[PDB]
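Input: a single structure, listed below in structure tokens.
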4 protein chains.
Amino acid sequence: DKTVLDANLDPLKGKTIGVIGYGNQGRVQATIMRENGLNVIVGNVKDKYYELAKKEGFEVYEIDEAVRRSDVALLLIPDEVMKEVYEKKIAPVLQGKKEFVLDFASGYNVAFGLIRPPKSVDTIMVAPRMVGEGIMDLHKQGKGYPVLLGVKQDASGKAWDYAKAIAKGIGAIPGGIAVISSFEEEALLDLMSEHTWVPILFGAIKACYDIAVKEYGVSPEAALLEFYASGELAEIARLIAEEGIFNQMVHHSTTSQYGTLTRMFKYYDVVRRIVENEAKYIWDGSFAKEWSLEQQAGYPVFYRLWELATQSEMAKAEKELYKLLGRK
Amino acid sequence: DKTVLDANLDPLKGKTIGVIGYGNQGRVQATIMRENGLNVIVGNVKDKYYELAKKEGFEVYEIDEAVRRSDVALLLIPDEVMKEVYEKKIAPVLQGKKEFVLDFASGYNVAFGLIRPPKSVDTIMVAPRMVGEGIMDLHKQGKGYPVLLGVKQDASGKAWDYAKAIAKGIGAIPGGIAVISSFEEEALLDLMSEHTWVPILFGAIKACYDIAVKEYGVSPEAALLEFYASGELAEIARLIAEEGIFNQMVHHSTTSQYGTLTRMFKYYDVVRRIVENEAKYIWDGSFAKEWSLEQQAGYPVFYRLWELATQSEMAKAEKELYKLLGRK
Amino acid sequence: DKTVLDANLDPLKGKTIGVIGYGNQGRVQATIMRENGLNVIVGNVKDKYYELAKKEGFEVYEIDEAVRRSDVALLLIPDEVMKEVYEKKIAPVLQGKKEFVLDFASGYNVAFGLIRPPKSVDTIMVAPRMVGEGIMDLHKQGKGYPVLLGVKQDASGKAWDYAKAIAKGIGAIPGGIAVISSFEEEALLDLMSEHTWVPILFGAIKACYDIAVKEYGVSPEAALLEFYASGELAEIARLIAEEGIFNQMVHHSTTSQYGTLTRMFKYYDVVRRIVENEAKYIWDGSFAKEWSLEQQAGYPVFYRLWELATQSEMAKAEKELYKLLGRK
Amino acid sequence: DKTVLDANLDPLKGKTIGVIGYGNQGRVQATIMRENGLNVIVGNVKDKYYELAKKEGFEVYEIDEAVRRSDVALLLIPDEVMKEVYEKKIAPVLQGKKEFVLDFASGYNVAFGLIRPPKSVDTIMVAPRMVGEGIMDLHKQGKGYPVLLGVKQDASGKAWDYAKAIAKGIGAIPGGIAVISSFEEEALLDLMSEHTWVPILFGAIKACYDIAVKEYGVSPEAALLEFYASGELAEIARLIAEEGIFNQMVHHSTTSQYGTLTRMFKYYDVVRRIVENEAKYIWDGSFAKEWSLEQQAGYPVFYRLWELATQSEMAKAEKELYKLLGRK
Ligand SMILES: [Mg+2]
Ligand SMILES: [Mg+2]
Ligand SMILES: [Mg+2]
Ligand SMILES: [Mg+2]
Ligand SMILES: [Mg+2]
Ligand SMILES: [Mg+2]
Ligand SMILES: [Mg+2]
Ligand SMILES: [Mg+2]
């Protein structure tokens, strides 16, 4: 298949590497690749993480300086502030380079053209599929984990080799796997989850609550217990991740299976239409525009919605309850 | 009629003139009006065009300085960057003036209020209808060419005279003609072409290709030949510009005439509705907003569409083909 | 690929060839194939072209006689009168044959069954994609040009060889290319152009004119200049034929690109529906019926539409104008 | 106004005139213009009318011969057979002419292009608005009558003079009037009457009958009396032609006026839509096509409808009744 399981590590031996940011990801990847025998540095502004990283045994310079000393760099910072950082501090230093390599963990700012590096550069991508708290929990066991790979600009005919070398340097393989893809096929996915089934799920739950209360005389303290205040859902998520989504259902009662299957095959076209609409909205680049503009205006909608959600009835009831069960 | 064929040239004799930009238009108008005996200068930042213009015999200062020495100025630069240039460098110098004149080749930035000069100023407009490469090709023959005229702000009761004098100074007349109009009636037109029949044409061609291939088993190498890979279309354009749009069709076969006429009178209401929608969208000023905002966000949609078009199947086939016919 | 670049010429050496009609095509193909060393004759009724052809060095007999002396024939006459000519003069002579070959430049009258030659005959097709005025302009340079090939009836297992030999005899190759296709895949194309984007374009232009005049107070003398009275369109056609349809747009301004792309991807489904309708109307054979019947009635609709178009307002304004610019 | 009341008669004095057909119109116009002192002949095939016309004192030749001896001709025959007559017998003789004039009483065959005379000819039109039986009934009183005039082709700058001279020669003026119009504005009218209010009227009557019988238990012998078997309707027609359409209603009862006016202003949009549809169907030339084709097929629809109408129930009842009242 397209799949990769293990590969070489020679192209990075002798080269210096710079890691931007020391948040969750940066700390993790940096520590690991240090264990695998690589000269590593860090670039960050003087704050909490700066002290922490220099404490953990890392030589710390600030960003532009780190890019001067590096032949490779990992830009592990939020997708909301990477633009200014790149424009002010990196791009200059980068114009003054010969053979450089630039890695990202997300393809948002590139797939949509908010960042357009030169042609003197190898532009790549390495995207894990784990939060970071569990990634360490797995590295201790010699286990790997999955990632996605992508290449946007090859100026040296060696980009893929570099990407696989990186994947190995951070402990994703061997033990896990690595898939080859694009920047687009990753942004698309990271977004479609956040736009299709998460919000649909939440709205469905909220609607069930509202209905049961205002049309069948149910008590608030019970709806919550049935819907999400119990650990029903994490159970199901686990059995899904392990046994499979459908085979997970054998451990339930026949009645549940029947209702679930019927109503699933019954409401499939509706959500399909929805998903089409949203995926199309993304592929074109409209959502990026929307979001950037909202940033420029002052996040008013964000504010008002955060209010409306918490000032809803369900949330207040949840509050009273969690307090009652002792859950902080 | 409203029409003008030739006029005087006295108001500009004794005055100095400054031309902003030395691209296609600026170079042309400047050279010509120099031939017609006028003291002329140039304003531009130190780049390629700067060297070229000083080479061709023009005294070159940078912009604000040129506006100080000038009683008249031609703002011949793209409509996408004129705003900042006007705000930073011109408007100050202009506040410190007594009797000035400002000419544009496009009414976009003014019709929509992105540029609001003072009342101490005569604001005019001179818009040709030729690319510039052919304008010289015609000036050598003593031929004129058409233009549009407009006036937004008259502080001296002499604006129209100035406009006609300019039209004569650049060689549009006599030999061609000059129409009086507004800034609005020019922006509207320059846009409606770019929003109605050009994109409709392209979409129709693309649809014909896709259909013929995916439903009637046609080969890609043939659809292109019929639709646009042949010089069919430039032929028709020429006969239109010369003989007339309809009289052009006499040189075709009766079958073609019949089909064309029937389907034309048959699909006229649809496109009419479309054109209404778009013209209305413009008259109000919504498109300017849209475009300005996209500039402020980072041109994401522009990017994604440029990609989707070139990564289409038709374009790849066109590529293979053009390479085969030797066309670069 | 399916494509052909050059081939043999042996099957026609020793055979006599008859060319029907001496209009644009006939004259061209005849002259050329004569240059390539082939015994050639001509068949036509005694009129202007008759004198011209005998002047240019061709032995001229009238039609049935030419078919008697020929082992191969090219039926290069309009698709509107070929039927009677075939029925009265050719088919008899043809019943009295042994091994014959019949070539067409269009598949209309055959694809739809208005002409059904016997099985004693090899029925083929050779369709150029150039007007004829430029074909000579290219033959002088040793250049070729594209054509389409097709076969309807093979009684000798040598039809394709004959077709390629012909293509070579008229100077299409080498230098150009030749595509293999059907009679249907050529009629379909020659028509879909005349039914989809040409009339749509014209209607869109007309609608823009009408709107701009009757709802925004524009002058007629300006709308025309923007829309087609300028050579805007032939420019674009040229850049399309040479650089490519989309790459052509880089030489325009960003604003134009943006509007064009957006409105193109926005109005693609509509025209797609239209094109489906028309292509289907053709594939079935309904348009041929329509057109034949109109011929039988006396061309009343043709007449009335030719009137309505020229008695429109746009045409009268165009007339006044062209007269003013001196354009005949 | 556009209107004409009397005019000269000099252009026809000294010229010979030929009248084609001796039916209702031909007989009338011929007799009259003979009374007004004009050399007149007749052209017709040897049948009943031939004997009649030669009896009434007319020198009779057959058609082509009459056109040779004539400088002016009146083509007074049905619009269904004029085409062949023109093609076979007239057009030849006409090619061999110098200065000729051709008059019609209907613009059908010309407005739609079924007859296209040369440019060596003056093509005109004179259309009365009376059946012919009453025209004589009025000529005896020295009264005139209305007509329409039109010109399609002027080769002598004298067409209008000829038309008015004709109008005077047939006794339409003075006493009546003459309106200037086109061939189109006459065919359109002659048809729209036959397509809009006549058939609507008939269908409404038929529907009233059917309803009253099959839903309110009415007797057939009474519905007819109310609807049309009485002379109600000719009364109203007379008062319309004399007093005016609306002023006609004062002689009726208030109840009738009220109902009529209300329901008239209530059902005006519907019939307006209908009339638009039909007038458009005509202006384009589609009805002429329809009718010509039906002639070519054998009048099957005509046949079947003539049957269905007479085999209806209303017609049979009308038959029984008329027989009962003695009405033949
Ligand atoms: Mg995310
Ligand atoms: Mg995710
Ligand atoms: Mg433009
Ligand atoms: Mg334009
Ligand atoms: Mg054709
Ligand atoms: Mg074509
Ligand atoms: Mg009639
Ligand atoms: Mg009538």
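Starting from 1 in every chain, residues are counted up; chains themselves are A, B, ... following the order of the structure tokens, and ligands are numbered from 1 as listed.
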inquiry  = Taking only segment 116-266 of chain C into account, list the residues labelled helix (DSSP H, G or I) by DSSP (computed from the backbone), as number ranges by chain.
reply    = C: 133-139, 159-169, 184-195, 197-216, 220-229, 232-243, 247-251, 254-266
Saved selection, atoms kept: C-alpha atoms, as a PDB file, in the first residue's frame:
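Generated file (again28.pdb):
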ATOM      1  CA  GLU C 133      -7.844  30.761 -45.824  1.00  0.00           C
ATOM      2  CA  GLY C 134      -5.228  29.986 -43.181  1.00  0.00           C
ATOM      3  CA  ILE C 135      -4.610  26.419 -44.332  1.00  0.00           C
ATOM      4  CA  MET C 136      -2.767  27.679 -47.402  1.00  0.00           C
ATOM      5  CA  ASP C 137      -1.072  30.290 -45.210  1.00  0.00           C
ATOM      6  CA  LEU C 138       0.349  27.299 -43.315  1.00  0.00           C
ATOM      7  CA  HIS C 139       1.093  24.918 -46.188  1.00  0.00           C
ATOM      8  CA  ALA C 159     -10.205   1.954 -45.056  1.00  0.00           C
ATOM      9  CA  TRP C 160      -7.997   3.363 -42.296  1.00  0.00           C
ATOM     10  CA  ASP C 161      -4.965   3.149 -44.567  1.00  0.00           C
ATOM     11  CA  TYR C 162      -6.851   5.104 -47.218  1.00  0.00           C
ATOM     12  CA  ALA C 163      -7.878   7.724 -44.664  1.00  0.00           C
ATOM     13  CA  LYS C 164      -4.337   8.293 -43.435  1.00  0.00           C
ATOM     14  CA  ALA C 165      -3.081   8.393 -47.018  1.00  0.00           C
ATOM     15  CA  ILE C 166      -5.615  11.131 -47.756  1.00  0.00           C
ATOM     16  CA  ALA C 167      -4.642  13.075 -44.645  1.00  0.00           C
ATOM     17  CA  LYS C 168      -1.075  13.024 -45.913  1.00  0.00           C
ATOM     18  CA  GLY C 169      -2.087  13.926 -49.460  1.00  0.00           C
ATOM     19  CA  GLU C 184     -21.181  11.066 -34.827  1.00  0.00           C
ATOM     20  CA  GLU C 185     -18.434  12.475 -32.613  1.00  0.00           C
ATOM     21  CA  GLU C 186     -17.828  15.114 -35.298  1.00  0.00           C
ATOM     22  CA  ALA C 187     -21.372  16.212 -36.080  1.00  0.00           C
ATOM     23  CA  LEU C 188     -22.044  16.395 -32.352  1.00  0.00           C
ATOM     24  CA  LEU C 189     -19.115  18.760 -31.888  1.00  0.00           C
ATOM     25  CA  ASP C 190     -19.677  20.927 -34.956  1.00  0.00           C
ATOM     26  CA  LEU C 191     -23.198  21.490 -33.658  1.00  0.00           C
ATOM     27  CA  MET C 192     -22.746  21.842 -29.903  1.00  0.00           C
ATOM     28  CA  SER C 193     -20.506  24.843 -30.515  1.00  0.00           C
ATOM     29  CA  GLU C 194     -23.208  26.452 -32.653  1.00  0.00           C
ATOM     30  CA  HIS C 195     -25.872  25.711 -30.039  1.00  0.00           C
ATOM     31  CA  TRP C 197     -21.563  29.020 -26.139  1.00  0.00           C
ATOM     32  CA  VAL C 198     -21.832  31.179 -29.268  1.00  0.00           C
ATOM     33  CA  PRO C 199     -25.516  32.068 -28.773  1.00  0.00           C
ATOM     34  CA  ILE C 200     -25.094  32.317 -25.009  1.00  0.00           C
ATOM     35  CA  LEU C 201     -22.240  34.765 -25.523  1.00  0.00           C
ATOM     36  CA  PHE C 202     -24.276  36.852 -27.947  1.00  0.00           C
ATOM     37  CA  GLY C 203     -27.319  36.927 -25.689  1.00  0.00           C
ATOM     38  CA  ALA C 204     -25.204  37.913 -22.707  1.00  0.00           C
ATOM     39  CA  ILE C 205     -23.666  40.804 -24.623  1.00  0.00           C
ATOM     40  CA  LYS C 206     -27.058  41.972 -25.844  1.00  0.00           C
ATOM     41  CA  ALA C 207     -28.476  41.767 -22.331  1.00  0.00           C
ATOM     42  CA  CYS C 208     -25.601  43.761 -20.873  1.00  0.00           C
ATOM     43  CA  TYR C 209     -26.225  46.465 -23.465  1.00  0.00           C
ATOM     44  CA  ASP C 210     -29.977  46.608 -22.897  1.00  0.00           C
ATOM     45  CA  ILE C 211     -29.565  46.695 -19.124  1.00  0.00           C
ATOM     46  CA  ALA C 212     -26.822  49.306 -18.964  1.00  0.00           C
ATOM     47  CA  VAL C 213     -28.881  51.549 -21.215  1.00  0.00           C
ATOM     48  CA  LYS C 214     -32.388  51.178 -19.811  1.00  0.00           C
ATOM     49  CA  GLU C 215     -31.590  51.009 -16.087  1.00  0.00           C
ATOM     50  CA  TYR C 216     -28.376  52.979 -15.458  1.00  0.00           C
ATOM     51  CA  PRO C 220     -25.161  53.607 -26.424  1.00  0.00           C
ATOM     52  CA  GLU C 221     -21.850  54.815 -27.851  1.00  0.00           C
ATOM     53  CA  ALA C 222     -19.994  53.562 -24.741  1.00  0.00           C
ATOM     54  CA  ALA C 223     -21.542  50.172 -24.036  1.00  0.00           C
ATOM     55  CA  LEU C 224     -20.486  49.036 -27.498  1.00  0.00           C
ATOM     56  CA  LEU C 225     -16.926  50.228 -26.966  1.00  0.00           C
ATOM     57  CA  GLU C 226     -16.643  48.215 -23.785  1.00  0.00           C
ATOM     58  CA  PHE C 227     -18.366  45.064 -24.984  1.00  0.00           C
ATOM     59  CA  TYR C 228     -17.284  44.276 -28.551  1.00  0.00           C
ATOM     60  CA  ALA C 229     -16.660  47.409 -30.642  1.00  0.00           C
ATOM     61  CA  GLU C 232     -10.623  43.213 -26.667  1.00  0.00           C
ATOM     62  CA  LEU C 233     -12.015  39.864 -27.698  1.00  0.00           C
ATOM     63  CA  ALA C 234      -9.696  38.847 -30.534  1.00  0.00           C
ATOM     64  CA  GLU C 235      -6.793  39.589 -28.189  1.00  0.00           C
ATOM     65  CA  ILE C 236      -8.186  37.135 -25.650  1.00  0.00           C
ATOM     66  CA  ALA C 237      -8.893  34.534 -28.338  1.00  0.00           C
ATOM     67  CA  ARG C 238      -5.285  34.729 -29.515  1.00  0.00           C
ATOM     68  CA  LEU C 239      -3.777  34.399 -26.051  1.00  0.00           C
ATOM     69  CA  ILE C 240      -6.076  31.416 -25.545  1.00  0.00           C
ATOM     70  CA  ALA C 241      -5.025  29.632 -28.717  1.00  0.00           C
ATOM     71  CA  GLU C 242      -1.350  30.228 -27.893  1.00  0.00           C
ATOM     72  CA  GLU C 243      -0.671  30.376 -24.144  1.00  0.00           C
ATOM     73  CA  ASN C 247      -2.655  31.031 -18.193  1.00  0.00           C
ATOM     74  CA  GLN C 248      -3.974  33.713 -20.551  1.00  0.00           C
ATOM     75  CA  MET C 249      -5.388  35.524 -17.518  1.00  0.00           C
ATOM     76  CA  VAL C 250      -2.063  36.228 -15.803  1.00  0.00           C
ATOM     77  CA  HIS C 251      -1.596  39.245 -18.078  1.00  0.00           C
ATOM     78  CA  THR C 254      -6.013  40.618 -10.087  1.00  0.00           C
ATOM     79  CA  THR C 255      -9.479  42.142  -9.782  1.00  0.00           C
ATOM     80  CA  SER C 256     -10.456  40.695 -13.153  1.00  0.00           C
ATOM     81  CA  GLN C 257      -9.064  37.282 -12.239  1.00  0.00           C
ATOM     82  CA  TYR C 258     -10.982  37.215  -8.969  1.00  0.00           C
ATOM     83  CA  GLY C 259     -14.322  38.225 -10.427  1.00  0.00           C
ATOM     84  CA  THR C 260     -13.942  35.895 -13.387  1.00  0.00           C
ATOM     85  CA  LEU C 261     -13.039  32.824 -11.345  1.00  0.00           C
ATOM     86  CA  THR C 262     -15.710  33.346  -8.707  1.00  0.00           C
ATOM     87  CA  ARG C 263     -18.505  33.926 -11.195  1.00  0.00           C
ATOM     88  CA  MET C 264     -17.286  31.030 -13.333  1.00  0.00           C
ATOM     89  CA  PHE C 265     -17.432  28.476 -10.547  1.00  0.00           C
ATOM     90  CA  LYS C 266     -20.716  30.089  -9.502  1.00  0.00           C
TER      91      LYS C 266
END
inquiry  = Counting only C-alpha atoms, a student should be able to say which residues of chain B come within 9 Å of chain A; what is the right answer, written as number ranges by chain?
reply    = B: 293-294, 296-305, 308
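Proximity to residue 20 of chain C was assessed for C:272, C:89, C:129, C:2 counting only C-alpha atoms; the smallest distance is recorded for C:89.
One distance worth recording is that between atom CA of residue 176 of chain C and atom CA of residue 149 of chain C, which is 13.5 Å.
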inquiry  = Please list as an NGL selection string every residue within 8 Å of segment 170-175 of chain B, counting only C-alpha atoms and excluding residues in the same chain fewer than 4 positions away.
reply    = :B and (5-6 or 29-30 or 32-33 or 139 or 142-147 or 166)
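Coordinates place atom CA of residue 123 of chain A at a distance of 16.9 Å from atom CA of residue 179 of chain A.
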request  = Write out as a ChimeraX atom specification each polymer residue whose atoms come within 8 Å of segment 59-61 of chain D, counting only C-alpha atoms; drop sequence neighbours fewer than 3 positions from it.
outcome  = /D:41-44,50,53-54,65-66
Those same residues, written as a PDB file, in the first residue's frame with N, CA, C and O atoms?
ATOM      1  N   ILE D  41     -58.026  44.523 -67.474  1.00  0.00           N
ATOM      2  CA  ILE D  41     -58.100  43.187 -68.021  1.00  0.00           C
ATOM      3  C   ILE D  41     -58.198  42.210 -66.857  1.00  0.00           C
ATOM      4  O   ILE D  41     -58.264  42.607 -65.695  1.00  0.00           O
ATOM      5  N   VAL D  42     -58.208  40.923 -67.179  1.00  0.00           N
ATOM      6  CA  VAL D  42     -58.384  39.885 -66.175  1.00  0.00           C
ATOM      7  C   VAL D  42     -57.560  38.670 -66.558  1.00  0.00           C
ATOM      8  O   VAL D  42     -57.394  38.350 -67.739  1.00  0.00           O
ATOM      9  N   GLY D  43     -57.048  37.989 -65.540  1.00  0.00           N
ATOM     10  CA  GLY D  43     -56.308  36.765 -65.731  1.00  0.00           C
ATOM     11  C   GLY D  43     -56.846  35.665 -64.850  1.00  0.00           C
ATOM     12  O   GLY D  43     -56.915  35.817 -63.629  1.00  0.00           O
ATOM     13  N   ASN D  44     -57.240  34.553 -65.460  1.00  0.00           N
ATOM     14  CA  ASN D  44     -57.807  33.443 -64.715  1.00  0.00           C
ATOM     15  C   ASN D  44     -57.857  32.228 -65.622  1.00  0.00           C
ATOM     16  O   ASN D  44     -57.900  32.346 -66.849  1.00  0.00           O
ATOM     17  N   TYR D  50     -64.346  32.489 -65.224  1.00  0.00           N
ATOM     18  CA  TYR D  50     -63.886  32.957 -66.526  1.00  0.00           C
ATOM     19  C   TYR D  50     -65.063  33.380 -67.394  1.00  0.00           C
ATOM     20  O   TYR D  50     -65.098  34.500 -67.924  1.00  0.00           O
ATOM     21  N   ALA D  53     -66.775  36.542 -65.986  1.00  0.00           N
ATOM     22  CA  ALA D  53     -66.058  37.797 -66.170  1.00  0.00           C
ATOM     23  C   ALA D  53     -66.111  38.261 -67.616  1.00  0.00           C
ATOM     24  O   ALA D  53     -66.350  39.442 -67.888  1.00  0.00           O
ATOM     25  N   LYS D  54     -65.887  37.350 -68.563  1.00  0.00           N
ATOM     26  CA  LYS D  54     -66.001  37.748 -69.962  1.00  0.00           C
ATOM     27  C   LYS D  54     -67.415  38.196 -70.294  1.00  0.00           C
ATOM     28  O   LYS D  54     -67.608  39.067 -71.149  1.00  0.00           O
ATOM     29  N   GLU D  65     -49.982  35.725 -69.687  1.00  0.00           N
ATOM     30  CA  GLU D  65     -50.235  36.682 -70.754  1.00  0.00           C
ATOM     31  C   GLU D  65     -50.692  38.022 -70.194  1.00  0.00           C
ATOM     32  O   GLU D  65     -50.207  39.078 -70.624  1.00  0.00           O
ATOM     33  N   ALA D  66     -51.601  37.997 -69.221  1.00  0.00           N
ATOM     34  CA  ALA D  66     -52.074  39.234 -68.617  1.00  0.00           C
ATOM     35  C   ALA D  66     -50.938  40.001 -67.962  1.00  0.00           C
ATOM     36  O   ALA D  66     -50.936  41.237 -67.973  1.00  0.00           O
TER      37      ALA D  66
END
request  = In Å, rounded to a single decimal, give me how far atom CA of residue 39 of chain C is from atom CA of residue 13 of chain C.
outcome  = 8.7 Å
key: Surrounding residues of residue 21 of chain D excluding itself and chain neighbours under 4 positions, 6 Å, only C-alpha atoms, as a list in words   = residues 26, 44, 76 and 77 of chain D
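The residue that comes closest to residue 99 of chain D, out of D:155, D:7, D:131, D:75 and on the basis of only C-alpha atoms, is D:155.
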key: DSSP-assigned strand (DSSP E) members of segment 54-86 of chain D, reported as a PyMOL selection string   = chain D and resi 60-61+72-75
